[PDB]
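Colleague: how would this look folded up:
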Amino acid sequence: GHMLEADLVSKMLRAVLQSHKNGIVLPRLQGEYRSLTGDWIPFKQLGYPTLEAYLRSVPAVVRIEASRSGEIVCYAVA
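Modeller: Residues are numbered from 1 along each chain as shown. Now the structure:
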C-alpha cells in the first residue's frame, strides 16, 4: 500500500512545508515539492487553474500569504 494521488501530493506538500518553516514562494514550492514527490504540482491536472488556486484549496493542512508584490508564500498547518 501507498498514498492515493491526491493524498500523496497533499502529505508530501505538507511535509516539505513542515520542514521549510520560512515558507516557500509558489515557484520555489514547485521546486522543493518535486524534490520530495518526484512529480510536479498536479494543479491543472486536478483542475485548479493555477499553483496558487491548488494551494488555496488545502486550507485544513496548508496556509498561504499572498504578498502585495503579487507573489504568494506557502506554509504548513497540519
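
Colleague: in the chain, which residue is closest to the centre?
Modeller: The centroid of the chain falls nearest to residue 13 when counting by Cα atoms, centre = their mean (4.7 Å).

Colleague: what helix or strand is that residue on?
Modeller: Using DSSP states H and E, residue 13 sits in helix 5-19.

Colleague: For that helix, list the C-alpha coordinates in CSV.
Modeller: Extracted as CSV, the C-alpha positions of helix 5-19 are listed here (Å, rounded to 0.1, in the frame of the first residue of the first chain):
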residue,chain,number,x,y,z
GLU,A,5,-2.6,10.5,-5.8
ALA,A,6,-4.4,13.4,-4.1
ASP,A,7,-3.3,12.2,-0.6
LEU,A,8,0.3,11.7,-1.8
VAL,A,9,0.6,15.2,-3.2
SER,A,10,-1.1,16.7,-0.1
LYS,A,11,1.0,14.8,2.6
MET,A,12,4.3,15.4,0.6
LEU,A,13,3.4,19.1,0.0
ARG,A,14,2.7,19.3,3.7
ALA,A,15,5.9,17.6,4.7
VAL,A,16,8.1,19.9,2.6
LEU,A,17,6.3,22.9,4.2
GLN,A,18,6.7,21.5,7.7
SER,A,19,10.5,21.3,7.3
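
Colleague: Show me what counts as buried in that helix.
Modeller: 9-10, 12-14, 16-17 (16 or more other Cβ atoms under 10 Å). (Each C-beta comes from the backbone N, C-alpha and C, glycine too.)

Colleague: What segments of the protein are helices?
Modeller: Here the chain has its helices, by DSSP state H, at 5-19, 26-37, 43-46, 51-56.

Colleague: Among those, which comes closest to residue 75?
Modeller: Closest to residue 75 of the helices of the chain is helix 5-19 (Cβ to Cβ; 5.8 Å).

Colleague: got the contact list for residue 15?
Modeller: Residue 15 makes contact with residue 36, according to Cβ atoms under 8 Å, 6 or more residues apart in numbering.
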